[PDB]
Each structure stands twice: as structure tokens, then as C-alpha cells.
Amino acid sequence: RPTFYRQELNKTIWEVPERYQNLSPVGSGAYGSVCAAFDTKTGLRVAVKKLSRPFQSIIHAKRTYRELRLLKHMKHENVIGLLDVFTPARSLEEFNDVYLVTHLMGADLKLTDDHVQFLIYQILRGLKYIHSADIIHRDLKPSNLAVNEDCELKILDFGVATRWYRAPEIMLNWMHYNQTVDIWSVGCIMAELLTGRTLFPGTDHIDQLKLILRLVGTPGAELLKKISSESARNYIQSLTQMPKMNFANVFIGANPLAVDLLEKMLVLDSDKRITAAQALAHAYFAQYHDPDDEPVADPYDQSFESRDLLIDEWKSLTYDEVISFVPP
Ligand SMILES: Cc1ccc(NC(=O)c2ccnc(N3CCOCC3)c2)cc1-n1cnc2ccc(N3CCN(C)CC3)cc2c1=O
């Protein structure tokens, strides 16, 4: 048991191991507030997140468990990993707080084409990894991507409007989806880095769809066959029909290989959209691609998602995961 010490900052008690020094508030993360700190063990800067009321209800309790399970699993250069997890509690009975420690993430995301190449390559390399364990991000956007001064990138979640980057199949719920919802988001981010402008800045779900269809065209007879929802089918067929634009005439003067890749990412049909692994092998990435250094994840059991448990049961499962943690 390490020695803990207490303090108050921003009208909240932080009780942390002596290992972590000089805590400094940096704002809110996903379901908690965050401080920067100094890790005396390595001499590096770290981010410490104290979760907000982790066990107040069933939903909070299961989302606390979800995040801890996920962070303990993800071990890859372009994805956030877990340095430490702790509680000041000495027993399950008095267990009420959870703190998660990671490396101190940098600032978030016109750029040079060489820069666009390296940043999109790193995002796809991280996505090949998470997708290989059937983990889907679902909220990829520039503010959820950390980049240091070396231009190294990690995918994370800090909890730009989300609707601007959302795949139509999960925003409107109109056909089956797969991991490629994240690929649509990547296409939207890449366009923005090439142009300096948000590609589809919609005001609501309806405006958003209107802006999308202006570029990709109204679904034809072949895609309409896969639209599960009758409401959505009627909607689509009632619009004034829009043709597909030539992307080359939209992204004027971009690298033609970039324009080709964008054409393969920004398709409405989820069965036809390029996957992360396929996109790594596209000619655009010739300078960076190495099929021997693009690893997959160990399998991830998420059978817990389908379970219906009491607050104290999620709490005991979370306690177990704190106890069983082993440092990298
Ligand atoms: C410490 C910590 C602990 C946990 C997490 N959790 C996740 O990143 C996360 C949660 C759920 N799913 C994730 N996946 C990523 C991979 O694809 C699948 C989904 C990631 C994040 C942090 N963290 C790290 N550094 C920060 C630096 C500054 C800041 N702040 C606050 C926000 N403002 C905007 C900038 C400075 C916050 C953090 C912050 O939260």
C-alpha cells in the first residue's frame, strides 16, 4: 500500500498516492475532471482523471466498469493506454472513488500534404488495431485526437459538433452498420485537413443529410434495396434527386491519390466503404505503409454489455479490475 495524501482543488477532494506530485487542474474529461501531475517514478508528466460519482446509479456503475476494462486492454502506439488506476479505499466496503492515470496527452488536432499523409496514416493504424477486437470508437473528430510536437498521434476520448463527423447509417439509423462508421469520420477529418474547412457543417440531422447528399448523391435503386427502415425509404424517394459530384472538381488542386482515397471513404453503402486495413495499403500512404508493423489486438470479451446487474455488483466487478491491474 503506497502512502496517500489529500488536497482540495475546484471544490473537490483529491486523495492520490505520494508518487504523483504537483497536481494542476486542466478541465473535464469523459465522466470526470482531470489534473496534470508529475510522476516521481519516471519523471514524466501524467494526466489523472477522477471519475464523477462512479457508482451513483446502474448506468454510472456500468460505464465506470466499461472504461476501466477498455483502457486495461488497449496496448498500441496510436491509441491511449493505462499507466495506473487507484482508489484510496482499503476495502470493497469503503470503495467509492476511481482514478485513472495516462501519459499527458498533447494538444488536439490548411496543412501540408505530407503532414496530412502522416496524420491520417496514424489514425488508420490505430483503427486497424481497435477494429480487430470489434471495438468501435463512434465519436471520432479532431478534438478526440492528441498530437505532440513530433506529430505523433493517439486516439482517445475526452467525452466541433459530433453530428458533423457521424456516419449516416448510425445518425439516421437507416441500414446495418459495422466498424466502417469510424471510416466515414476519418474521411470528414481528412477533407478538413486538406481544405481548412469543416466538410459537412450541418445544423441538425436533416440539414446534415442535405449537405452530405449534395456531394455523394441521392441513394440509387441498388442502395435503396438495403434500406431497412420504410420511413427512411419514403423520405429519400420524396427528396428532389441529387447527382454524385466528381470529387476532383470539389477538392481542386489536392493530391489526386488523396482525392481517390476520399472517394473510397465517403460512400453511403456500409458494405462498400473501405476498411482501415485496406486503406493502409492505398497508394496515398506509400511513404509510410509497412505491412510488418501494423499489428492487431488480442481478442476483447465484451459479453458484459448484454448483462443486467445491480449497482453493488458492477462496483464489485470494478473493484476486482482495480486489484488485478498490472503496470506496463
Ligand atoms: C486521464 C485520462 C483517463 C482516461 C481517458 N479515457 C479515454 O481517453 C477513453 C475513454 C473511453 N474510450 C476510449 N477509446 C479510445 C480508443 O478508441 C476506443 C475508445 C478512450 C482519457 C484521459 N485523459 C488523458 N489526457 C488528458 C489530457 C488533457 C485533458 N484535458 C481535459 C479536456 N480538455 C479539452 C483538454 C485537457 C484530458 C485528458 C484525459 O481525459
Side-chain angles (χ1 to χ4, degrees), residues 2-52 54 63-64 66-88 97-109 111 115 118-127 129-130 135 137 139-160 162 189 193 295 297 318 321-322 325-328:
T3 304
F4 284 75
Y5 74 99
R6 316 165 144 277
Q7 76 190 282
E8 173 165 46
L9 40 83
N10 281 138
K11 271 139 67 273
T12 159
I13 298 285
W14 288 66
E15 190 170 18
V16 305
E18 291 185 312
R19 167 182 179 180
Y20 306 106
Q21 292 286 308
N22 289 259
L23 275 62
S24 309
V26 288
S28 339
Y31 315 121
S33 62
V34 182
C35 287
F38 182 80
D39 185 349
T40 61
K41 189 173 159 219
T42 52
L44 305 164
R45 231 130 51 105
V46 294
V48 186
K49 177 168 69 177
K50 179 194 188 198
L51 293 176
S52 315
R63 92 185 175 201
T64 297
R66 174 182 305 118
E67 186 178 356
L68 179 53
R69 292 285 318 280
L70 197 78
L71 293 178
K72 284 177 62 163
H73 194 83
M74 276 167 333
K75 293 172 173 177
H76 184 279
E77 295 95 337
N78 311 113
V79 184
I80 202 181
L82 189 69
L83 293 187
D84 200 10
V85 51
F86 60 82
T87 182
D97 286 310
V98 177
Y99 297 76
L100 304 165
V101 189
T102 73
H103 283 125
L104 180 62
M105 289 299 100
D108 67 37
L109 181 63
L111 333 183
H115 269 219
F118 187 47
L119 291 164
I120 305 306
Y121 176 75
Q122 296 176 83
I123 298 169
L124 296 158
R125 194 170 166 272
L127 292 185
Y129 179 92
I130 59 158
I135 292 157
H137 191 290
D139 194 18
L140 276 183
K141 51 179 162 177
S143 61
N144 281 329
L145 299 165
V147 189
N148 69 27
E149 302 182 52
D150 308 89
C151 299
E152 301 167 332
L153 173 155
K154 296 192 188 316
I155 306 161
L156 69 148
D157 196 334
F158 289 133
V160 292
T162 289
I189 294 164
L193 301 184
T318 300
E321 298 286 336
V322 174
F325 175 71
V326 31

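Here, residue 1 is the first one in the sequence, and each next residue gets the next number.
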What heavy-atom pair brings [X] and [Y] nearest, and what distance separates the two atoms?
X: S52; Y: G32; value: OG-CA, 3.2 Å
X: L23; Y: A37; value: CD1-CB, 3.6 Å
X: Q21; Y: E18; value: NE2-O, 2.9 Å
X: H115; Y: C151; value: CE1-SG, 3.4 Å
X: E67; Y: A30; value: OE1-O, 3.8 Å

Checking side-chain hydrogen bond (donor to acceptor under 3.5 Å, both in side chains) for the pair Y99/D84: CA distance, chi angles, key distance, verdict?
CA-CA 8 Å; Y99 297 76; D84 200 10; over 6 Å; no
Is the ring centre of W14 less than 6.0 Å from the ring centre of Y5?
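Centroid separation for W14 and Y5: 6.0 Å or greater.
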With a 4.5 Å cut-off on side-chain heavy atoms, are [Y] and [X] touching?
X: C35; Y: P25; result: yes
X: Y129; Y: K75; result: yes
X: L140; Y: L145; result: yes
X: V101; Y: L82; result: no
X: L100; Y: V48; result: no
X: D157; Y: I80; result: no
X: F86; Y: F325; result: no

Residue pair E15, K50: steps toward the salt bridge (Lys or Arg N to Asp or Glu O under 4.0 Å) verdict:
CA-CA 10 Å; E15 190 170 18; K50 179 194 188 198; over 6 Å; no
Out of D39, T40, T3, which one pairs with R19 under the side-chain hydrogen bond (donor to acceptor under 3.5 Å, both in side chains) rule?
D39
Could you measure the distance from the [atom1] atom of [X] to the [atom2] atom of [Y]? Nearest 0.5 Å is fine.
X: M74; Y: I135; atom1: CE; atom2: CD1; value: 6.0 Å
X: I155; Y: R125; atom1: CD1; atom2: CZ; value: 10.5 Å
X: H137; Y: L127; atom1: NE2; atom2: CG; value: 8.5 Å
X: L153; Y: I123; atom1: CG; atom2: CD1; value: 5.0 Å
X: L119; Y: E152; atom1: CG; atom2: CD; value: 11.0 Å
X: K11; Y: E8; atom1: NZ; atom2: CD; value: 8.5 Å

Residues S33 and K49: side-chain donor-acceptor under 3.5 angstrom:
no
Could you check whether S143 and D108, counting side-chain N and O atoms only, form a donor-acceptor pair closer than 3.5 Å?
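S143 and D108 do not have a side-chain donor-acceptor pair below 3.5 Å.
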Take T102 and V46 through the side-chain contact (heavy atoms from CB on, under 4.5 Å) test and state the conclusion after the steps.
CA-CA 6 Å; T102 73; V46 294; over 6 Å; no
With side-chain contact (heavy atoms from CB on, under 4.5 Å) as the test, would you mind laying out the steps for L193 and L109 before giving the verdict?
CA-CA 9 Å; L193 301 184; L109 181 63; 4.0 Å; yes
Applying salt bridge (charged side-chain N to carboxylate O under 4.0 Å, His left out), can you list everything that pairs with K154, at least two apart in sequence or on another chain?
none
Are any side-chain N or O atoms of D97 and backbone N or O atoms of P88, one a donor and one an acceptor, separated by less than 3.5 Å?
no
Just by distance, do the side chain of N10 and the backbone of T12 share a donor-acceptor pair under 3.5 Å?
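Answer holds: no.
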Verify the neighbour count for atom [atom1] of [X]: are there more than 12 heavy atoms of other residues, nucleotides or ligands below 6.0 Å?
X: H103; atom1: NE2; value: no
X: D150; atom1: CG; value: yes
X: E149; atom1: CD; value: no

Could you tell me if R63 sits above the aromatic ring of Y31, with its cationic atom closer than 6.0 Å to the ring centre and no more than 45 degrees from the axis?
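Checked: cation-pi criterion met.
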Could you please spell out the steps behind the side-chain contact (heavy atoms from CB on, under 4.5 Å) verdict for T87 and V98?
CA-CA 5 Å; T87 182; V98 177; 5.7 Å; no
